[PDB]
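J.: The structure follows.
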Amino acid sequence: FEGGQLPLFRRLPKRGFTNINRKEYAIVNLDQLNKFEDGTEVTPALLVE
Amino acid sequence: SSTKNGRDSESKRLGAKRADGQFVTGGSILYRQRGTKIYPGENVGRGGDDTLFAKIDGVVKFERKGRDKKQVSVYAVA
Amino acid sequence: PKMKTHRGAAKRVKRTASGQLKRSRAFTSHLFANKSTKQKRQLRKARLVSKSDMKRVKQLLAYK
RNA sequence: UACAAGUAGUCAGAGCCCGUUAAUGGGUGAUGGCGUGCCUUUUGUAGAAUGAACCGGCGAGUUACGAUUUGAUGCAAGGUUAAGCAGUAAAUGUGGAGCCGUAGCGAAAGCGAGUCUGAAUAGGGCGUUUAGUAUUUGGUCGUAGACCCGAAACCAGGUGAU
RNA sequence: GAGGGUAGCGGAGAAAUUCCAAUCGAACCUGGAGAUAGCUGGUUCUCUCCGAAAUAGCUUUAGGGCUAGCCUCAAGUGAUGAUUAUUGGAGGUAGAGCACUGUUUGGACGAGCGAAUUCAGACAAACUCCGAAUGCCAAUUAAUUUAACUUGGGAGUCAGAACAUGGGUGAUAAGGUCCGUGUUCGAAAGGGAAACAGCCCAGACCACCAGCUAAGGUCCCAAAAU
RNA sequence: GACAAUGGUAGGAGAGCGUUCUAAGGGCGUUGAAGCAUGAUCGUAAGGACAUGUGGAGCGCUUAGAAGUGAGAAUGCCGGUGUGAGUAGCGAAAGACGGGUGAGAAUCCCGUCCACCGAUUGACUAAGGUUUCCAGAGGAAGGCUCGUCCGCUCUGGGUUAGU
RNA sequence: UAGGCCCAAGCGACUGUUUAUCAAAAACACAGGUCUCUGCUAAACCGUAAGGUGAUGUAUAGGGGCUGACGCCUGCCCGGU
RNA sequence: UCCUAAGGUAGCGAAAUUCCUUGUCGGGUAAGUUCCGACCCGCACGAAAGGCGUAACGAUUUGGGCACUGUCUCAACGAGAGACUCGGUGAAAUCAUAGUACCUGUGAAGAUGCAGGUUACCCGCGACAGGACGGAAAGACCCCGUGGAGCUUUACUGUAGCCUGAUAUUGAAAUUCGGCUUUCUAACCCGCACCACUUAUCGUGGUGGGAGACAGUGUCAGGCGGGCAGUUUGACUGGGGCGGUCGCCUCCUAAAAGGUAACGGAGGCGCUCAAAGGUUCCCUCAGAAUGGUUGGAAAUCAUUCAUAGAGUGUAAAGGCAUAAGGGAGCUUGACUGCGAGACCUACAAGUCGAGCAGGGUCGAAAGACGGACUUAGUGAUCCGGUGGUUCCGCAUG
């Protein structure tokens, strides 16, 4: 906006903060594991490959 | 010279928000008023400010509360 | 070059799953003796940015 | 063409002079009807509101990097390269750091097809569509002078008492 | 007369904002620099379909913006749209009336009695014992018709005018000014009103030396009845 | 075939004309290319051909690609040419005649008369200008007219210090 | 070739200066008056450093403000600045 | 008699000053808003931004006389230069194209070009100036722009300079209570003298005098500071200025749904209540007449009529006698987490709400209670303060 009345992002308050030590995990579902044959070992070294 | 008038207030929007014989839900506003101009009938309540709302689902009927008196009712039709 | 992001807007909204924006409420900073109990209970629930305002500030938050 | 009141044309039309990209042809015009230039700006202009003497040349939405949307094409729970190396300043191989999507909710710890609020999914909010991704034609926006021409002014460094 | 000095955030002035190279309320040249301009002007080829607005809110705002209304293109849902015919309903305008609050005319009523009581006759946007014609909301009801709604790309508009009608203001003045409701112009050529945007009739795809009509007309200009 | 629709400012959407360059394919041209002029020709529009004159060496056609791609207006910029119009003016002032030169004479040379300044229109010199000074030739341009003339053109010359 | 004169009034005493190019005046200046600062590396001013003017002067001398020949004079108020 | 620091002295006065005003009287002229002399009722003279006078002076401003005259009654004639005809040479402003009449109308409201009528054969030359809203100058007057520049001040924020204190350069001795004051010389200073570099006192060095831990200079702090610099100084408005207004609530205008303007017509609000809230019981007003120690037959005693004319905390409207009006008992629901649906609406906001769960008050019970008969009593964000908390907290606690 320019001039005029107060902008929308000026009449609303700020909310929350952010965490420096935030951890994010890569999620793998059960259905995605059907590719590997039964009776085999699954390792993070194998899911990436 | 000058003047001493010119002030006013924003117009409040009262009246009948529902028509006679119209299906309404369980919280619809039927009438907005100051004081009592239309009395609550069956399945009709009253608010803080004098307003009429339905309690159940059905048609809206405006009836006669004797002489020079009025009421609105809601009947559980279908 | 690269388009810049409104830093003030990034401190007030968050993007939902369907691309909408989740905002907070106003009129809650002080002067709480001049408001009814029902008013203050219902001012603690978050809202969504309206479609009219969305058409105006969509370019401001493009990397968010 | 020297009795005539004209935005100068158009429609109708005798008379006179010629003969074509050969077609129900060309040049001129005694008379009759209709008819107050063009552009800009305005509620409204023949306007006595602005602009142009005339002719010729030059004279104004473009490019780079990002965002979104539409169409085309390749692959598909996957899609795809960057800098660098080789190669003709060459269009092609290598290069998987990286980026988007496949899962959301919460200020956060955190939980997870379910999360937050809440004593209590008791109710309510946002999710469970769980098909995208790389390039490119067109439309629009942002950062750069950003469609073009036009100030009264400000700052810095110098030149002047013929 | 000749040779010299004082330089612009500065000099000189027996003082006028006077002079400093025909220029001075702050000299000239070159750079920042294509300064900024919510302001005037200009913006180059041709055809087909559709087609506005001059409004509300906010605004250091009033000849500028933003959101909403109205226009256009594409993809979606599928009677949800408009007009009539029959019932139901909310809402006190025109008119009328004096039962309330106020105004007022003339007679009986001593407590001065045209109003402390009574009988007749009048007035009112901020009076009502009463109360239309229209307009408005619905039915899940019947004939006719063709539109409505949602999500996305792109806009323009925020100076309006006249006429008819209900009002305020003015002076029952204005081609005056501000509101409600329609038509036209705006953005509409053709015919009538002598000429004359808004009045009356009527909405131009192109061509013809064909016919019937509207508004207004038929003695001559000038087509039609002396 | 049958029906229905097609006035339009701001503005939205679609199909097209023309100019310059590039790739590929295929053509024309000294028995005459582009450009220029005329014509009574063709398509719904922007526009496309053919013939004849001039011209003297390059240029179209088809499909794609790219853009410094289209002009009547901005008191627009540059060049050319009109109207005012044979109109205003030709910058203080006294000339007349005879003889020559000459293609050409009111305006050039020679002689006579008249006229004007004379505390200056006379004689020197400082600043400033830099060859405008002299002789012999010339008449395009300069001279607010003419010119055989010139502070104008050509060719040659000219400034001498112990005070 | 070579002064027109006279009688009254307002302003400024006078001789002088000023808006080159629409104002020459009652406007500025002026001799005189008054107040105030300055004891000398003086006060005042430029540069705000050196170095200079004042001044190669010394309170009968310098800078600044206001009035403006000459004659008669110049009253009251120290709350406010 | 009131107030103040005291209330204008001497002089002058329809004045370079007097709106009313051409004030009143006298003089001057046949006739005098101008001129001179007096009066004082000085809108609004006044004593060094001086008062009252004054010989001489002035291309200064005013009023009246003599002489003179073409300044006029009232114009006429003559000379020269331009103008006019011929020969030579030869521009400019302006310009949409032009075969360019008048009257009455019409029109963006003042026509060569539009309607009706009336006049007028084609082309030149010398003259005049009514129109072509005639030609040069993008109106300096008025208004607008969140445009410039110069100037002022007790507008705001700064600053050049100036004043004051602490500290370093900065030493050495003594007095009553970490210091004040008084002495001394080596630091430092002298546009103070003599000597040398040097025929120069600019400079440097040396020798004598003066002042002296003072002054001058560096860093930090307080005060004065239009001398100077950068900016601000609102909008609506029957042009602008002046006056008035700006947010909220209740009526009329407003055309019986909702909405609807004007510097149109009327009023309020920026609170209050600890019971003036909730629940359970009980009750019905104002006014009029009559009677008795007569104050308004209405200051209280008593009777009758009396559907509202009374009350409802505060303006108005809509309501309320099933009371929402008056009285009494108990009590704190003027609670916590929510909330299907709906009204209004550009957004941000605003309004009502049945029901679910956790504590409860009153009532025998069904039930009522999330402030007051309803509608005004209110201000986004940023920043800061206080109380609580499974939250985070930059290698680790």
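Going by the structure tokens order, chains are called A, B, ..., each with residues numbered from 1, while ligands are numbered from 1 in the order shown.
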Check the DSSP output for the backbone and give back, as a list in words, the residues of stretch 5-54 of chain C in strand (DSSP E).
T.: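 The residues of stretch 5-54 of chain C classed as strand (DSSP E) are residues 14, 15, 21, 22, 23, 47 and 48 of chain C.
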J.: Could you please write out, as a PyMOL selection string, every residue of chain A that DSSP assigns to alpha helix (DSSP H)?
T.: chain A and resi 44-48
J.: Put those residues in a file: N, CA, C and O atoms, as a tab-separated table (two decimals), in the first residue's frame.
T.:
chain	number	residue	atom	x	y	z
A	44	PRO	N	19.40	-47.05	7.28
A	44	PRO	CA	19.46	-45.72	6.66
A	44	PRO	C	20.45	-45.63	5.51
A	44	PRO	O	20.32	-44.77	4.63
A	45	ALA	N	21.46	-46.51	5.50
A	45	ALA	CA	22.36	-46.61	4.36
A	45	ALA	C	21.70	-47.27	3.16
A	45	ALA	O	22.20	-47.12	2.04
A	46	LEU	N	20.60	-48.00	3.36
A	46	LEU	CA	19.89	-48.67	2.28
A	46	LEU	C	18.67	-47.89	1.79
A	46	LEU	O	18.36	-47.94	0.60
A	47	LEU	N	17.98	-47.18	2.68
A	47	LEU	CA	16.83	-46.38	2.26
A	47	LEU	C	17.26	-45.25	1.33
A	47	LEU	O	16.56	-44.93	0.36
A	48	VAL	N	18.40	-44.62	1.62
A	48	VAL	CA	18.91	-43.56	0.75
A	48	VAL	C	19.28	-44.12	-0.61
A	48	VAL	O	18.97	-43.53	-1.65
J.: Just the residues within 12 Å of stretch 93-100 of chain D, please, counting only C-alpha atoms (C1' of nucleotides), with nothing from its chain fewer than 4 positions along; format it as a list in words.
T.: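 Using only C-alpha atoms (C1' of nucleotides), the neighbours found are residues 78, 79, 80, 81, 82, 83, 84, 85, 86, 87, 132, 133 and 134 of chain D.
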J.: How about saving the chosen residues, C-alpha atoms (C1' of nucleotides) kept, as a PDB file, in the first residue's frame?
T.:
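out_18.pdb, written as the output of this step:
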ATOM      1  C1'   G D  78       9.619 -39.238  -8.432  1.00  0.00           C
ATOM      2  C1'   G D  79      11.685 -34.729 -11.413  1.00  0.00           C
ATOM      3  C1'   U D  80      16.171 -32.003 -12.120  1.00  0.00           C
ATOM      4  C1'   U D  81      20.688 -29.591 -12.640  1.00  0.00           C
ATOM      5  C1'   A D  82      24.676 -25.361 -10.649  1.00  0.00           C
ATOM      6  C1'   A D  83      29.977 -23.906 -10.680  1.00  0.00           C
ATOM      7  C1'   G D  84      34.014 -26.740 -12.878  1.00  0.00           C
ATOM      8  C1'   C D  85      36.581 -30.338 -16.950  1.00  0.00           C
ATOM      9  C1'   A D  86      36.743 -31.843 -22.194  1.00  0.00           C
ATOM     10  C1'   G D  87      34.904 -29.958 -26.986  1.00  0.00           C
ATOM     11  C1'   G D 132       4.243 -33.541  -9.154  1.00  0.00           C
ATOM     12  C1'   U D 133       8.661 -31.766 -11.490  1.00  0.00           C
ATOM     13  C1'   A D 134      12.526 -29.473 -15.673  1.00  0.00           C
TER      14        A D 134
END
J.: Using only C-alpha atoms (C1' of nucleotides), I'd like every residue of chain H that has an atom within 8 Å of chain A; please write them out as number ranges by chain.
T.: H: 348, 380-381, 392, 394
J.: What would the file look like if the residues just selected were written as a PDB file, in the first residue's frame with C-alpha atoms (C1' of nucleotides)?
T.:
ATOM      1  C1'   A H 348     -10.222  -4.632  10.473  1.00  0.00           C
ATOM      2  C1'   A H 380      -5.308  -0.790  15.797  1.00  0.00           C
ATOM      3  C1'   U H 381      -0.154  -1.549  15.992  1.00  0.00           C
ATOM      4  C1'   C H 392      13.094 -22.003  24.282  1.00  0.00           C
ATOM      5  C1'   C H 394      23.980 -20.637  20.627  1.00  0.00           C
TER       6        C H 394
END
J.: Quick one: everything within 12 Å of residue F:67, counting only C-alpha atoms (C1' of nucleotides), minus sequence neighbours fewer than 2 positions away in the same chain. Send it as a ChimeraX atom specification.
T.: /D:62 /F:19-22,65,69
J.: With N, CA and C atoms (P, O5', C5', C4', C3', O3' and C1' of nucleotides) retained, write the just-selected residues as a PDB file, in the first residue's frame.
T.:
ATOM      1  P     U D  62       7.542  -3.798 -25.301  1.00  0.00           P
ATOM      2  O5'   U D  62       9.056  -4.282 -25.380  1.00  0.00           O
ATOM      3  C5'   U D  62       9.856  -4.005 -26.521  1.00  0.00           C
ATOM      4  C4'   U D  62      11.298  -3.776 -26.140  1.00  0.00           C
ATOM      5  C3'   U D  62      11.903  -4.802 -25.193  1.00  0.00           C
ATOM      6  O3'   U D  62      12.384  -5.945 -25.880  1.00  0.00           O
ATOM      7  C1'   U D  62      12.414  -2.607 -24.447  1.00  0.00           C
TER       8        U D  62
ATOM      9  P     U F  19       6.577  -6.491 -47.676  1.00  0.00           P
ATOM     10  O5'   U F  19       7.587  -5.622 -46.803  1.00  0.00           O
ATOM     11  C5'   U F  19       7.847  -4.263 -47.122  1.00  0.00           C
ATOM     12  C4'   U F  19       8.690  -3.595 -46.065  1.00  0.00           C
ATOM     13  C3'   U F  19      10.026  -4.257 -45.762  1.00  0.00           C
ATOM     14  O3'   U F  19      11.036  -3.891 -46.686  1.00  0.00           O
ATOM     15  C1'   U F  19       8.911  -3.750 -43.736  1.00  0.00           C
ATOM     16  P     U F  20      12.161  -4.951 -47.123  1.00  0.00           P
ATOM     17  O5'   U F  20      13.121  -5.046 -45.856  1.00  0.00           O
ATOM     18  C5'   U F  20      14.088  -4.041 -45.596  1.00  0.00           C
ATOM     19  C4'   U F  20      14.946  -4.393 -44.406  1.00  0.00           C
ATOM     20  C3'   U F  20      15.635  -5.747 -44.456  1.00  0.00           C
ATOM     21  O3'   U F  20      16.819  -5.741 -45.234  1.00  0.00           O
ATOM     22  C1'   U F  20      14.617  -5.466 -42.347  1.00  0.00           C
ATOM     23  P     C F  21      17.280  -7.068 -46.015  1.00  0.00           P
ATOM     24  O5'   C F  21      17.869  -8.007 -44.871  1.00  0.00           O
ATOM     25  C5'   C F  21      19.037  -7.634 -44.155  1.00  0.00           C
ATOM     26  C4'   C F  21      19.217  -8.461 -42.904  1.00  0.00           C
ATOM     27  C3'   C F  21      19.380  -9.959 -43.101  1.00  0.00           C
ATOM     28  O3'   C F  21      20.692 -10.334 -43.481  1.00  0.00           O
ATOM     29  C1'   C F  21      17.832  -9.558 -41.365  1.00  0.00           C
ATOM     30  P     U F  22      20.929 -11.629 -44.400  1.00  0.00           P
ATOM     31  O5'   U F  22      20.662 -12.860 -43.424  1.00  0.00           O
ATOM     32  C5'   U F  22      21.572 -13.178 -42.380  1.00  0.00           C
ATOM     33  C4'   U F  22      21.110 -14.375 -41.584  1.00  0.00           C
ATOM     34  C3'   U F  22      20.909 -15.665 -42.364  1.00  0.00           C
ATOM     35  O3'   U F  22      22.122 -16.363 -42.595  1.00  0.00           O
ATOM     36  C1'   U F  22      19.063 -15.307 -40.926  1.00  0.00           C
ATOM     37  P     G F  65       8.607 -20.045 -35.993  1.00  0.00           P
ATOM     38  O5'   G F  65       9.957 -19.284 -35.628  1.00  0.00           O
ATOM     39  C5'   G F  65      11.004 -19.956 -34.946  1.00  0.00           C
ATOM     40  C4'   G F  65      12.310 -19.211 -35.052  1.00  0.00           C
ATOM     41  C3'   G F  65      12.310 -17.779 -34.545  1.00  0.00           C
ATOM     42  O3'   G F  65      12.426 -17.694 -33.136  1.00  0.00           O
ATOM     43  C1'   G F  65      13.408 -17.882 -36.634  1.00  0.00           C
ATOM     44  P     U F  69      11.699  -0.834 -33.706  1.00  0.00           P
ATOM     45  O5'   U F  69      11.276  -1.735 -34.948  1.00  0.00           O
ATOM     46  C5'   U F  69      11.496  -1.290 -36.277  1.00  0.00           C
ATOM     47  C4'   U F  69      10.385  -1.720 -37.202  1.00  0.00           C
ATOM     48  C3'   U F  69       8.982  -1.285 -36.815  1.00  0.00           C
ATOM     49  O3'   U F  69       8.712   0.056 -37.184  1.00  0.00           O
ATOM     50  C1'   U F  69       8.972  -3.561 -37.490  1.00  0.00           C
TER      51        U F  69
END
J.: Would you pick out the contacts of residue C:46 at 9 Å or less, using only C-alpha atoms (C1' of nucleotides), so that residues sharing its chain but fewer than 4 positions from it are not included, and give the list as a list in words?
T.: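 Residues near the query, excluding close chain neighbours: residues 22, 23, 24 and 25 of chain C; 125 of chain D.
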J.: Write the residues of the preceding selection, restricted to N, CA and C atoms (P, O5', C5', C4', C3', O3' and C1' of nucleotides), as a PDB file, in the first residue's frame.
T.:
ATOM      1  N   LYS C  22      -2.729 -18.015   7.957  1.00  0.00           N
ATOM      2  CA  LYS C  22      -3.308 -18.011   9.295  1.00  0.00           C
ATOM      3  C   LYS C  22      -2.779 -16.799  10.049  1.00  0.00           C
ATOM      4  N   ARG C  23      -3.687 -15.953  10.523  1.00  0.00           N
ATOM      5  CA  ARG C  23      -3.335 -14.698  11.170  1.00  0.00           C
ATOM      6  C   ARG C  23      -3.835 -14.686  12.609  1.00  0.00           C
ATOM      7  N   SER C  24      -3.402 -13.671  13.351  1.00  0.00           N
ATOM      8  CA  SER C  24      -3.822 -13.462  14.725  1.00  0.00           C
ATOM      9  C   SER C  24      -4.896 -12.378  14.780  1.00  0.00           C
ATOM     10  N   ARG C  25      -5.357 -12.082  15.989  1.00  0.00           N
ATOM     11  CA  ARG C  25      -6.444 -11.140  16.203  1.00  0.00           C
ATOM     12  C   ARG C  25      -5.914  -9.810  16.723  1.00  0.00           C
TER      13      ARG C  25
ATOM     14  P     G D 125     -14.790 -25.748  12.998  1.00  0.00           P
ATOM     15  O5'   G D 125     -13.290 -25.214  13.024  1.00  0.00           O
ATOM     16  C5'   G D 125     -13.013 -23.821  13.034  1.00  0.00           C
ATOM     17  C4'   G D 125     -11.535 -23.545  13.156  1.00  0.00           C
ATOM     18  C3'   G D 125     -10.646 -24.148  12.079  1.00  0.00           C
ATOM     19  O3'   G D 125     -10.629 -23.374  10.891  1.00  0.00           O
ATOM     20  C1'   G D 125      -9.693 -24.539  14.211  1.00  0.00           C
TER      21        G D 125
END
J.: What does the distance from atom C1' of residue H:6 to atom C1' of residue H:47 come to in Å, to one decimal?
T.: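 It comes out at 17.4 Å.
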J.: Leaving out residue H:95 and any residue of its chain fewer than 4 positions from it, which residues lie within 12 Å of it when counting only C-alpha atoms (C1' of nucleotides), given as a PDB file with C-alpha atoms (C1' of nucleotides), in the first residue's frame?
T.:
ATOM      1  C1'   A D  52      -0.391  22.344 -36.858  1.00  0.00           C
ATOM      2  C1'   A D  53       2.352  27.485 -42.950  1.00  0.00           C
ATOM      3  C1'   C D  54       3.482  23.443 -46.475  1.00  0.00           C
TER       4        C D  54
ATOM      5  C1'   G F  82       5.912  29.430 -50.234  1.00  0.00           C
ATOM      6  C1'   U F  83       2.205  33.996 -48.170  1.00  0.00           C
ATOM      7  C1'   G F  84       2.830  39.023 -46.453  1.00  0.00           C
TER       8        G F  84
ATOM      9  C1'   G H 135      -0.689  39.738 -33.689  1.00  0.00           C
TER      10        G H 135
END
